[PDB]
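Read the single chain below, which is given as C-alpha cells and is the form deposited in one PDB entry.
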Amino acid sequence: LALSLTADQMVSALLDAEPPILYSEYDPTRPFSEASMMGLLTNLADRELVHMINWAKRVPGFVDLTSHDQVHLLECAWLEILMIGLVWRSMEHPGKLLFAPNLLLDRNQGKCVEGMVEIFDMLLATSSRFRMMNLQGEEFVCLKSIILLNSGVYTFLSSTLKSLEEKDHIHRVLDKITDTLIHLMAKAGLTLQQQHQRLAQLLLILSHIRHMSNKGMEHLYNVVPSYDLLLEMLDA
C-alpha cells in the first residue's frame, strides 16, 4: 500500500504516526550527579523506545519487511531517531536541549557526565542548523522516516532472492519519501533549483546525526536495547 500513496497521503500518514512527548521522571534531586542524570536520561529513553516502535510500525512500508529486518532497522537507527527528536524539540530553545518539557538542560549541565558535553555541543549545533533552515514539521517527519529506513539497509544480506526484494522495497519507499519532500517544497513555492538544494542540505544533515549517534555509543562503549527486546516490542 505504501508505494501507492500520493505525496499528501504520505505526509498525513507520517504526521498521524508521530509519537507523544514524554516527561522526565518528576522532581529528581537537583543538582544532578553523573549517575543520577544518566539514570533520568536512560529512563526517559527507555520509555520513548516503546512509542518509537509504535511509530515505526506506522511508517509506510515498514511492516512489509520481515520481523528480523525490522529489528535491524531499529537497532541501527534508534539513537539517531531519539536524537533528531531531541533536536526538533530544542529548536526554539537556543543554547539548550529540551529532553522533556520538565528537563531543559544547558551546555554546562552536559559537562556533568564524562564525555557528554561534546555531544551536547553537536546536538546544539544541529538544532541551530535546523533553526537556520526553518525546518518544517512535515519535513522533519520525512527525515525521521528516512533515518529509520536508510540507516540499516546497507546491512541486509543480499544472500537470497528475498533479501534483494526487501532492499529494493526499502529503496522504493525511500524514493517515495524523496518525492514527498520535493512535493512539499514545490508547494511552498521554492524554485526547482532551491528544491534540489534544500533536499541536499537536509540529507547532508543526516550524516551529522549519524556521526553524533556513533559518537555517543562510543563514549558509552547494558543500556542499548537488545535484539530480543526490540523483537518482543515489535510483536506486542
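Residues that one form lacks are left out of the comparison. The numbering used is simple: start at 1 and walk along the sequence shown. Superpose the two forms; the largest set of C-alphas matching within 1.5 Å is the rigid core.
- Across the other entries compared, at least a third leave residue 33 without coordinates even though the residues on each side are present.
- Notably, residue 128 is never a gap: all other compared entries of this protein, restricted to those modelling both its neighbours, have coordinates for it, so the one-third criterion is not met.
- Look at the mean CA B-factor for 74-82 and for 90-98 in the entry; the higher one is 90-98.
- In this entry, 222-230 has the higher mean Cα B-factor, the comparison being between 18-26 and 222-230.
- Comparing C-alpha B-factors across 149, 103, 135, 164 in the deposited entry, the largest value falls on 164.
- Residue 157: CA B factor in the highest third of modelled residues in this chain (values from the PDB entry).
- The deposited CA B-factor of residue 197 belongs to the lowest third of values across its chain.
- Ranked within its chain, residue 143 lands in the lowest third, by CA B factor from the PDB record.
- Ranked against the other modelled residues of its chain, the C-alpha B-factor of residue 217 as given in the entry falls in the highest third.
- For residue 33, the recorded CA temperature factor ranks within the highest third of the chain's modelled residues.
The form deposited in another entry is left out here; the points below concern that form.
- For the set 43, 67, 33, 201, a Cα shift of at least 2 angstroms between the shown form and the other one, after rigid core superposition, holds for 33 and for no other residue.
- Legend note: Cα of residue 29 to Cα of residue 121 is at least 3 Å farther in the other form than in the depicted form.
- Distance between the C-alpha atoms of residue 29 and residue 38: longer in the other form than here (change of 3 Å or more).
- Once both forms are overlaid on their core, the sole residue range between the shown form and the other one with Cα shifts reaching 2 Å in three or more consecutive positions is 26-35.
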